[PDB]
Every structure is written in structure tokens, then in C-alpha cells.
Amino acid sequence: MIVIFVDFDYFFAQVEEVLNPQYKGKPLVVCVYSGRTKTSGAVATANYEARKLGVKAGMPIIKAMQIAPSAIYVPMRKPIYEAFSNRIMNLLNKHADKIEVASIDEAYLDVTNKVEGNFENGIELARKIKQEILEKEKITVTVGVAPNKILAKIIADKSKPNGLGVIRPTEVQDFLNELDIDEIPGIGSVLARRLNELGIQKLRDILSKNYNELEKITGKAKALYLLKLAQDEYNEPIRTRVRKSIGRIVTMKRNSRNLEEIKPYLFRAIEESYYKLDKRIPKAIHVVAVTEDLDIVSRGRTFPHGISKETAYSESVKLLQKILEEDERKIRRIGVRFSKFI
DNA sequence: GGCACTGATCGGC
DNA sequence: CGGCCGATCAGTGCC
Ligand SMILES: Nc1ccn([C@H]2C[C@H](O)[C@@H](COP(=O)(O)OP(=O)(O)OP(=O)(O)O)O2)c(=O)n1
Ligand SMILES: [Ca+2]
Ligand SMILES: [Ca+2]
């Protein structure tokens, strides 16, 4: 297998730079304004100039503004980013035997047959891909080329920004022998340190432990994954991804535990959700509340039949009542998630 | 036991 | 201090 992984650089901010090139080369922060105050919200992403000043995705807008007050702060325009994404994925698709769109800004291509199993031709294809995306959309991307998805991602991550990372079939074992634990996709900061605390600093160190031992430290899924990766026995296929849930969640103007105050927000979320569902009919509904202290509480139900929009309204209220019954905290955000489509 | 399914949390992008 | 989403996993019912 020859895999090409593509990950768009500083995606949302970069699109904003394409639409407003005056922003380029200066700190730019794309913000998710919740509307509760002039500046309440979180950072979706920042360009590299803003990152140099300490701005990070997920950080409160007010905190970004504290450390980089002269950056340009713009509101997230997600539909435009989706459009860019859709066009790019369409360009990628024509170069691939198979494509896996993993998120709004990354995809895996299986180009094995496209390049006659010739790994070097795979690299050339990767260069052509980067060139085309740059020419056609003025977007820089980072690419990784490797025998499997996971190494393709790791080497891309190591080559950002605007990179072209490569791991040849012959380099894989050396590469896996030297890889740091915190460089592994799917191993978050906390767990990394926990493993680190137990003397697991490098991927190869996993081989020292056995499954029952590691499960206690990582959980089943993460244990099986790590033991496989460490042995270069990861080889998962490129698969067409299918949307499994669709939802909407909004910040209320003020916190509340007043049913009549919350309902309008919840019903708008349902309405916008059903618009997005289009012809998909969900059998499961979950109501999700972000509480005063930014904890998240969910109550849901699966039905033996598809849920009409009208049944979603009435059942959502019963779920909201359940949350209010079982959690005394005030609610800040309220929303809904639909899944199990017919 | 272990399969099928569930509701709820977790955490990455 | 946003707004999403898929993965994960412990609990139940069952044969
Ligand atoms: N907490 C986050 C993280 C990311 N995103 C969105 C904005 C990002 O641009 C996009 C892609 O996420 P990445 O992790 O790939 O990061 P970037 O593309 O922004 O930067 P990088 O160049 O490091 O890949 O997802 C978001 O809305 N909220
Ligand atoms: Ca990405
Ligand atoms: Ca990216």
C-alpha cells in the first residue's frame, strides 16, 4: 500500500487570508463568538504569526486578546471553509484509487495502483498534488507519504507547515524504533504523561508491557492500537467515511434552569439540525447541556422508529427536564445530537 | 461467557 | 470560554 495524507495548513485562518490577503504575514485569529458578550468565545485557529505570540486553538478569545492584542480577530465563517474543503477534496479524489476524508481539512489517499506500486512515483504524485492545490486554490498543505495511514499522518505532522514528509518501506522499522510516545496520533497530553510516568517514553517501550498490563494504563482500544503500532502491524484500510451524527448547540444569552427560557434555543437547534439532516431520519436523540462551569451533561434516547421533527421537539424537552432533574447546575449552552439514521 | 445494544463521557479538530 | 464530531466503554438483557 502507498498512502498520501494531506492536512491543510492553519486551515480556517489561511482561507481568511486567501479572501483577505492583507491579513497574510501578520497575526490573524479566527474566533468563535458565542454572542453572550462582545468578546465571549473561543479561538478556532490562528495563523503561525499569531501562534508565535501564544495564541492557541480552543483558547478563550479574551485570553488571546490579552496576549496578542494587536492581532486581527475575525469571526468564523465555516460555510466558506467547507466550500474550500469540498473543492480541495474533489481535487484529491481524482488522484486516488480510494480516498478517506477524515475531517474538514484532512484526507488519506490510497494511490497504490495509481502509481503502479512505485513508491518514488508516489512521492512525485504528492508533489504534484501540493502544486495543484496551491495553483487552483492558493492553499498550502502538508503532505505525508508512507506505507500506511498512521505513518503518513505522523510524518506529515513532523513536516508542518507546507511540508512533504516521507517514510519509505525500508525506513519504517528504524522510524518506529525512534518514535516518541507523545508523537503518536490518538495519544493525548494526559495519557502521554501517565505512560511517560511509567517509563514509557518511546513507542518501542510499549513492547516491554503486555496487553493486560497496558490496558490498566490506557484502556482497551488504546492498548490494542499501541501494541499493534509498535509492531508495525497497523495497516487499516482507507475507508469512505459516512456521517454518523448531526447536531447543533448554542450559547444562551444568559444561564438558566428555566424551561421556558431554554426551549426556544433548543427548538432552534432542532430546526437547524433537521435542515442539515435533510432526508436522513434519525432514531436517536441526545440533548446536550454545557453547564455554568463548562462541564457537559447529556441525556438521550433511541426509539424503535425514526424521529419526526415534531417528536424531536417533544422528546427533547423530556430529556432537558431529565438533565435539570439530575443536575442542579445552571445551563450555559444547550443543544441536540441526532444519530442512528435509517 | 460473550453478543447485541445501549446511554453517557471523552477528547481531537 | 465554541461548536462541532467520532471513539470509547460500562451496564443491561439475553441465550
Ligand atoms: N480546537 C479547534 C481546532 C481546530 N478547529 C478547526 C480549525 C482548524 O483550522 C481546523 C483544522 O485543525 P488543525 O488541527 O488541523 O489545525 P490547523 O489547520 O488550524 O493548523 P495546522 O497547520 O497546525 O494543521 O479545525 C477548530 O474549529 N477548533
Ligand atoms: Ca488537521
Ligand atoms: Ca491542518
Side-chain angles (χ1 to χ4, degrees), chain A residues 7-13 29-46 55-66 73 75-79 81-82 85 100-107 153 156-157 160 182 184-192 194 215-216 218-225 236 239 241-252 255 265 268-269 272-273 276-277 283-304 315 318-319 322-323 326-327 332-341:
Chain A
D7 190 318
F8 308 155
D9 298 331
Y10 65 108
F11 186 46
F12 295 1
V29 188
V30 176
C31 297
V32 186
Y33 289 97
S34 64
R36 168 158 298 196
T37 69
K38 51 167 179 199
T39 62
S40 53
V43 170
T45 201
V55 181
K56 289 186 301 195
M59 145 193 69
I61 293 172
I62 193 50
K63 189 191 189 298
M65 280 169 331
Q66 284 172 12
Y73 289 88
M76 204 199 28
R77 296 189 286 171
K78 198 179 180 196
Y81 316 151
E82 294 183 348
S85 178
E100 179 171 337
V101 176
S103 81
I104 191 172
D105 86 329
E106 71 189 55
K153 181 176 192 77
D157 285 346
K160 293 193 183 171
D182 44 56
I184 296 178
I187 312 297
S189 48
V190 57
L191 173 62
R194 182 152 157 59
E215 187 282 336
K216 298 167 167 303
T218 60
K220 177 173 184 180
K222 294 288 183 288
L224 302 166
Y225 163 58
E236 289 189 357
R239 74 179 175 292
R241 284 197 194 176
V242 160
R243 184 71 162 269
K244 164 175 205 193
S245 73
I246 291 170
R248 183 93 171 78
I249 176 161
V250 298
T251 290
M252 298 187 292
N255 297 349
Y265 293 105
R268 176 164 71 263
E272 302 190 5
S273 290
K276 287 163 67 188
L277 280 158
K283 300 192 295 314
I285 174 177
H286 292 246
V287 170
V288 181
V290 183
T291 49
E292 182 145 46
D293 56 343
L294 307 188
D295 270 10
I296 304 180
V297 188
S298 181
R299 292 296 182 267
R301 179 170 174 194
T302 298
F303 288 80
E315 177 66 35
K318 293 175 198 175
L319 296 164
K322 189 175 296 176
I323 290 172
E326 298 176 354
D327 198 296
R332 185 178 178 99
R333 317 197 200 128
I334 191 65
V336 70
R337 298 185 62 186
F338 292 96
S339 60
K340 301 195 188 176
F341 305 141

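Below, chain A is the first sequence line, B the second, and so on; all start at residue 1. Basis for what follows: all heavy atoms, side chains included, without hydrogens, waters or symmetry-related copies.
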Between [X] and [N], is there a contact of a side-chain N or O with OP1 or OP2 at under 4.0 Å?
X: A:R248; N: C:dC4; value: yes
X: A:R299; N: B:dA8; value: yes
X: A:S103; N: C:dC5; value: no
X: A:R333; N: C:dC1; value: no
X: A:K276; N: C:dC5; value: yes
X: A:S34; N: C:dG3; value: no
X: A:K222; N: C:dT8; value: yes

Practice task
Would you check if A:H286 and A:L319 make a side-chain contact, meaning some heavy-atom pair closer than 4.5 Å?
Solution key: no
Mind checking if [X] touches a base, just sugar-phosphate, or nothing, with heavy atoms under 4.0 Å?
X: A:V290; value: nothing
X: A:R239; value: sugar-phosphate
X: A:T45; value: nothing
X: A:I61; value: nothing
X: A:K56; value: nothing
X: A:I249; value: sugar-phosphate

Just compare [options] and give me whichever is closest to any side-chain atom of [X].
X: A:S245; options: C:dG2, B:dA8, C:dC5; result: C:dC5
X: A:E106; options: B:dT6, B:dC13, C:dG3; result: B:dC13
X: A:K220; options: C:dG2, C:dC9, C:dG6; result: C:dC9
X: A:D105; options: C:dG2, B:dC13, C:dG6; result: B:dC13
X: A:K340; options: B:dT6, C:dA7, C:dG3; result: B:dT6
X: A:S298; options: B:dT9, B:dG7, C:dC1; result: B:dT9

Handout entry: Main-chain N/O of A:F12 paired with A:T45 side-chain donor or acceptor, under 3.5 Å
Key =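 The answer is no, because no donor-acceptor pair under 3.5 Å joins these two groups.
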Completion exercise
Ranking A:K244 and A:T251 by the position along DNA chain C of their nearest nucleotide, the one closer to 5' is A:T251
Exercise for the section: Would you kindly compare A:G219 and A:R241 by the position of their nearest DNA chain C nucleotide and give the one closer to the 5′ end? Expected result: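 Going by which nucleotide is closer to the 5' end, it is A:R241.
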Could you state the atom-to-atom distance from [atom1] of [X] to [atom2] of [N] in whole Å?
X: A:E100; N: C:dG6; atom1: CD; atom2: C1'; result: 12 Å
X: A:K160; N: B:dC13; atom1: NZ; atom2: P; result: 8 Å
X: A:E272; N: C:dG3; atom1: CD; atom2: P; result: 11 Å
X: A:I187; N: B:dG11; atom1: CD1; atom2: P; result: 11 Å
X: A:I334; N: C:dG3; atom1: CD1; atom2: P; result: 13 Å
X: A:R337; N: B:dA8; atom1: CZ; atom2: P; result: 13 Å

Handout entry: Minimum heavy-atom distance A:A64-A:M59, with the two atoms named
Key =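 In terms of heavy atoms, the two residues are closest at CB-CE, 3.4 Å.
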Practice task
Tell me whether the guanidinium CZ or amine NZ of A:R301 lies under 6.0 angstrom from the six-membered ring centre of A:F303 and within 45° of its axis.
Solution key: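 Judged by the rule (NZ or CZ under 6.0 Å from the ring centre, within 45° of its axis), A:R301 counts as positioned above A:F303.
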Exercise for the section: Output yes when A:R239 and A:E100 qualify as a salt bridge under the 4.0 Å nitrogen-oxygen rule, no when they do not. Expected result: yes
